[PDB]
Amino acid sequence: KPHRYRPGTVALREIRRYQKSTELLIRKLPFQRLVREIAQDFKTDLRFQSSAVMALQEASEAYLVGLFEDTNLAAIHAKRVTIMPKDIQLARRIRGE
Amino acid sequence: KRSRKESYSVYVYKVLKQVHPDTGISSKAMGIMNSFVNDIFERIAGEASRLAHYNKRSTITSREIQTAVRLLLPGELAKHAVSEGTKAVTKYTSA
Amino acid sequence: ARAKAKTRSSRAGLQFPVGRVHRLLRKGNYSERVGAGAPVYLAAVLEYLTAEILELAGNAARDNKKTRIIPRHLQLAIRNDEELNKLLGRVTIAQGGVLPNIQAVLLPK
Amino acid sequence: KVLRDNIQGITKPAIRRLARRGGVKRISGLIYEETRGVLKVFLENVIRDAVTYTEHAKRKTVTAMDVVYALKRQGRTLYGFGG
Amino acid sequence: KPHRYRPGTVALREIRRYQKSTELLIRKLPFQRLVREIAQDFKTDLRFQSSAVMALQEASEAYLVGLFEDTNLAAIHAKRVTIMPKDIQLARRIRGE
Amino acid sequence: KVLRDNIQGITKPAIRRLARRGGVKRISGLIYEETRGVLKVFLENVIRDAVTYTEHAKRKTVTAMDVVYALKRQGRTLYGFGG
Amino acid sequence: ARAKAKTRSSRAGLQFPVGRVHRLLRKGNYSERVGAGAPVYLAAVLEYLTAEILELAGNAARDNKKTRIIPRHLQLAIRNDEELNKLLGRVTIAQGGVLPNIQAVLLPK
Amino acid sequence: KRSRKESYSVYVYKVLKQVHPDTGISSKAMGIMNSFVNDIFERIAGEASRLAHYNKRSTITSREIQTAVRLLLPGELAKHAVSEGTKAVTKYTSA
């Protein structure tokens, strides 16, 4: 019978991997397209330095990392492990967003 | 007499009498309004000074303060404050 | 034959001081040089913010049947406008207390 | 040249990778679209600021300086991009 | 039988009173004693303006009031109504202190 | 002259009424000593800097202006005492 | 006819530039005047901070057995020092990732 | 033809060699070091400026920056920075 891990240990191997590794986690082209889409709504005909796109990429990944650490603290606070919408709402509201 | 301690007292009093003829003000509320005008002045002036440094500009003008309003002030507060800023500067240039 | 000393706030049609804000930009040491329209604009922004917050303060005072602004009126005026709340999230009003808000879980059924 | 639905470009496994770097075991299914919304609002804030920096600068290209400076104002200071 | 209120009802009336009230909630001169005790740990025989002690007391009440806003949010986050030390520590950690 | 215990000077009913202003309906019994410590730590952060302001100005008297500056440097700005 | 130029970086014995820090203080527009000891003190603080963080970076890189320090090493250095974490609480390091910190309940058994 | 762009390369290079003779540095770590020293310089300079304004002082001395680094640098780093800066101004005044 072919091998299959129990739920969770693949998640922790991912935890150890992308906490141990450093590389970018969002696919670069759709993130660039999302940024261009948002900036098109504010002032028309914008172009982007590529380094600016990777700068938004690093900053956005780290911002989500901080939020997901806060929701992790919220989830383990609520005796849970699986985070919920009200955890992000709590994290944003306590931080003041 | 002593050294004069500058405040924004009569100015805010004129603003209140323009917006509310029958409503009064307390002294502690006036101290909080001094704190308000000083804090908002500090925020706008500091961020607009940094904007002046970033473009390597020796001048802070109405454009830098206008941009600083767009950064700091949210939404309709921002665009309305832009509107009265433009009416004020056009009245001043027309003397 | 010197001209009459007119005031720049009245020149721009304002109440807040063009001259004092310009002097404080010169003495807050924020640039070497300051544009002339900048204090007029900054005084306009300050006068408009104070105008709205004093309008809400007078409205709150009329709501509480008081003819004089108390700092409680100021705190109620800050916290009941969400955009002014976002402007002043980190700022505490002296003797303003806090806005009356009770979470619905706390209230009985 | 028209861009319409790029918020779905931040894929669900991309959100999973982000939460793995943040240290999350289990992610609910309702999480992905609202983290798209939260990240959307965050980029509205920082890109709105950077656009104001840009149009203040009278340039047409958003630069990394405008990005890092907009993050710097908001208490989200970023190193490594010439600051 | 003497009259008797149920728990929390007087607490809720106290709630609506203290958001209705605006005065100081810390005793003045004990707070002055505390701030002198903390001050003499850094520099001995310090002197205080009474306005400075009142400003410290107002700021301390503000800090604690905002801290219990966040603590109440964290408590209702965990499906509880009574706050706990882990709620205070959670709010303090998420806030960034 | 010396003061040993003013942590108990912030009494338990004072913490109770602070949390009543905070919207707290019910307070655990272990809250009070912790909040006394937390307030002590916050006052360490404030008063150490406020002192440093005072001998920066070579003064012996702690002023309200120093307190205002120390609070606003932490981003916990207090209105009503400046000037 | 003129003395040989010898830098105040060498006078203090600090490799951080006293002249350049003084130039940035004058053109960063923070006061009308700057005392001469102030950039020396500031450069000494700057060199101490850089020396301490680079010491931790080199130690962490040797712990990873790598002779060149990388932004991952900088993140590992900063997050593992409580005073540096206090100094850089809200500061993001590019491409450094995060300190490995798995909560205790997340571990199995 | 190019225009010179300033960095903190050589100083961080000499410091890293002095604290570790054998250990090298990547380019991105160098950019992060440039950003770090720029951020710390701007923090100390702004706080020194605010201390200068608050007591009506138009000068920045090492006392002002000492006050600032006592405000910002937490705990043991403060007394060590005080020590190195005191030694630095000691050799500067003695030479």
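Chains here go by letter, A, B, C, D, E, F, G and H, matching the order in which they are written, and residues are numbered from 1 within each.
Keep in mind that, in the parts below, a contact is a pair of C-beta atoms (placed from the backbone, for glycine too) under 8 Å apart; a residue touches a chain by one contact, two chains touch by 3 or more.
J.: Thinking of B-F, which of D-H, B-D or F-H forms a repeat of its interface, with over half the contact pairs identical?
T.: D-H
J.: Pick out whichever of the two, C-E or B-G, is joined by more C-beta pairs in contact.
T.: Of B-G and C-E, it is C-E that has more C-beta pairs in contact.
J.: With chain centres taken as the means of their Cα atoms, state the distance from chain D to chain G in Å.
T.: The answer is 27 Å.
J.: For chain E and chain H, let me know how many angstrom lie between their CA-based centres, rounded off.
T.: 38
J.: Taking each chain's centre as the mean of its CA atoms, how far is chain C from chain D in angstrom?
T.: Centre-to-centre distance between chain C and chain D: 32 Å.
J.: Spell out, as numbers or ranges, the residues of chain H touching 2 or more other chains.
T.: Within chain H, residues 28, 31-32, 36, 39, 49, 64 contact more than one other chain.
J.: Using the touch rule from the top of the page, what residues of chain A touch 2 or more other chains?
T.: 8, 12, 15, 18-19, 55, 58-59, 62, 65, 72-73, 81
J.: At least two other chains touched by the same residue of chain C: list those residues.
T.: 28-32, 70-71, 90-98, 101-103, 106 - these are the residues of chain C that touch more than one other chain.
J.: Note which residues of chain B are touching chain C in the complex, please.
T.: Residues 6, 8, 11-12, 14-16, 18-20, 22-26, 28-29, 31-33, 35-37, 39-42, 44-46, 48-49, 52, 57-66, 69, 72-77, 80-81, 84-85, 87-89, 91-93, 95.
J.: Which residues of chain D touch chain B in their complex?
T.: 49, 52-53, 55-57, 65, 69, 73
J.: Please name which positions on chain G make contact with chain B in the complex.
T.: So the residues of chain G in touch with chain B come to 28-29.
J.: Which bits of chain G are touching chain D when the two form their complex?
T.: Interface residues on the chain G side: 71, 90-95, 97-98, 101-103, 106.
J.: Could you pull out which chain F residues touch chain B in their complex?
T.: Those residues of chain F that touch chain B are 72, 77-83.
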